[PDB]
C-alpha cells in the first residue's frame, strides 16, 4: 500500500471513468480550478501513472475526487485524460453521480425515486440526479446532469489544415469545454473504426491549428481560454439518434461515449440556429453505437456581454442550460500500486509522436 490510490473504475457506455477516491495528499487551491492547475503544474506524473499504460491505456479517462468547496455541492471533482485536464466531462459526471449513490457517498432519503448529487467542477457547478431503479435502495437506473451554461461562440471559422484535409469550416462552442464542431464530410472521411486513426489525426491537426490561429476566451471564467476538444459529426446509424459523433481530445484519444460536454455544445449550437426547442429530446450516437439523450431546459441572454457570434442586433450573448442523460456501470474496485523502483511508475505511451 506504499504509493497506492483507491479507484472506482467505471465506464459510461464504453468510455472509462477511473474515479480516484483516495490516495492524494492535500492539494492547495481555494477552488476546483486551482486544484486542477496545482495538479497539472506540480504533480502531473500522477495523472500519467493513473491514466497511461501499464495501469491505464491510450484511451483512458478519469477524475480525482475532493471535498466540495462551493456551497451546495456534494463532491469536488477534477477530470483527467491522456493529455491533460478537461474543465468538465459529462460522461464522467454521469459516472460520479452514479458512484456517489451506489457506494453511499451521498445518502438516499427513504422512498426517494431520484437523488440529487451536485458536482463542484473546474467549469462550475453541475447538478446531477441519479434515477433509482424501481424496487431498490440505492441501485441506479441511469443518471442526468444539468451542465454549466453552454453557448455557441463563433461560427464558420475557416481552419487551414495540411493535405489531405485542406481548408475546413467549423463552429466553436462551449459545452463545459470549448469544442470545434466539424462535419466528418468536410474531412473526407466518415465516422467508422476503419477511419478512427485518421479521425484522431484530423482532430489533433484541427485543435492545434485553431488554438494557434483563433484565441477563445470564456467570458465568465478567465482560466478557460483554449479549445480542448474536436467533435466530428455525421449522419446517425441508430434510427433513434439525430446524429453520430466522435470527439478527439487528450493525446488524440477518442471518446467511446457520445460525449456529454460535446452533446451540450452541439445542442447549444443547434438551439442558437433555431433547430431545437426547449424540452425537445436530442439523441446523440457514438462511434460504438452508444446513445445519450439531451434536452435544453432554459435559455438566457446576458446584456452587455458578447462573444464573436453575438450580433449587434442582439442585447447580449445567448447561453443555454443543457441536461444530459446516460448510464454508467462500476466495472471494478481497484487499488492501484506504485513501487518506487518501478520504471513505469509514471506510465508510458507508444502513441506515435
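Positions refer to the first chain, counted from 1. For the two forms, the rigid core is made up of the largest set of C-alpha atoms that agree within 1.5 Å on superposition.
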| said: Between 269-277 and 159-167, which one shows the bigger average Cα displacement from this form in 4 other deposited structures of this protein once the rigid core is aligned? | reply: 159-167
| request: Overlaying the structures in 4 other deposited structures of this protein on the rigid core, point out which of 186-194 and 92-100 has the bigger RMS C-alpha shift. | output: 186-194
| 62-70 versus 301-309 - greater average Cα B-factor per the deposited record | 301-309
| said: Tell me which stretch has the larger mean Cα B-factor in this entry, 11-19 or 332-340. | reply: 332-340
| said: Looking at 56, 326, 316, 294, which one carries the largest C-alpha B-factor according to the PDB entry? | reply: 316
| note | The largest CA temperature factor among 259, 132, 88, 95 is found at 132
| message | Sorting by Cα B-factor within the chain, modelled residues only, which third would residue 83 end up in: lowest, middle or highest? | response | lowest
| Once the chain's modelled residues are ordered by C-alpha B factor and cut into thirds, is residue 144 in the lowest, middle or highest one? | middle
| Thinking about Cα B factors across the chain, which third does residue 176 belong to? | middle
| How does residue 255 rank on Cα B-factor within its chain, lowest, middle or highest third? | lowest
| said: Is residue 274 in the lowest, middle or highest third of its chain when residues are ranked by C-alpha B-factor? | reply: middle
